[PDB]
């Protein structure tokens, strides 16, 4: 299938094993912004579910299918590839909804559905939106979507902005400088310093931060899920031109995302911005190995390039430049191995 065609088997095993655990499900359900926002988007747009056929892609514990049933769906097919599917079936029986919610075990790329659906619901967003590469499964599920069917979420906005954070930079730099040691128990480690710094600087930093560290207004990059094809997510190129509002050192770029549920009654937004209550997606910063100095009024321009890999993640290229001085920075980051600083 398309899933095994883009996924190393060891990565898939670890991934689905991880999501089979009830403790993980408990952790995600306790993100109240996330669960309450999903419920609000589905229930306040009840007309998009009343007597309709719905597909829930990666239903996990099944919570979104319960929301869809509460809003009046006639039938919901809930597709889930991990052993969580078994737990989801247990809940469907204990809540007396077997006439409404049909759990289908398997990958959405591999299963067979009996009919086309009026609406697709899912929670396919990983860190930085794109990590885990579940957006591609979500878009693949459009083969089951009737013409003029809807998607929940409907669109995704990624935000990027340059930041300054000397304490974060020094934390990572001093960790790497352990390898500057010429006599660690009598041994010279310093030939590996460059390797160690590379290793540490490829790790995107998952945590939250004050918005005072941002040095420019965010640039926005939009994926419309009603219109994107899976192959659009293999290579994601985000050009950027920042107009610097503060002078100082740019230590890297900060990423967050909002998704929008564009319903017939209202549009509901779920935001992981640092100006909004905290979610289990936090925010993500990519550090430059060498920061760039900039003056207020300067322009920081460049490209953020995401290349999908077979470990369900992305290789990140950030190339950036201060136009007024020609100072340049090039960075390669490994989204699969984040540093959870929370």
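Between two forms, the rigid core is the largest collection of C-alphas that superpose within 1.5 Å. Numbering follows the first chain given and starts at 1.
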RMS Cα shift after core superposition in 8 other deposited structures of this protein, winner of 132-140 and 164-172: 164-172
Which of 174-182 and 259-267 strays further in 8 other deposited structures of this protein - Cα RMS after rigid core alignment: 174-182
Top residue by Cα temperature factor, when 206, 102, 211, 254 are compared in the entry: 211
Lowest, middle or highest third - CA B-factor, residue 296: highest
Relative C-alpha B-factor of residue 180, binned into the chain's lowest, middle or highest third: highest
Ranked against its chain, the third holding the CA B-factor of residue 304: highest
Modelled-residue ranking by C-alpha temperature factor, third containing residue 144: highest
Ranked against its chain, the third holding the CA B-factor of residue 87: lowest
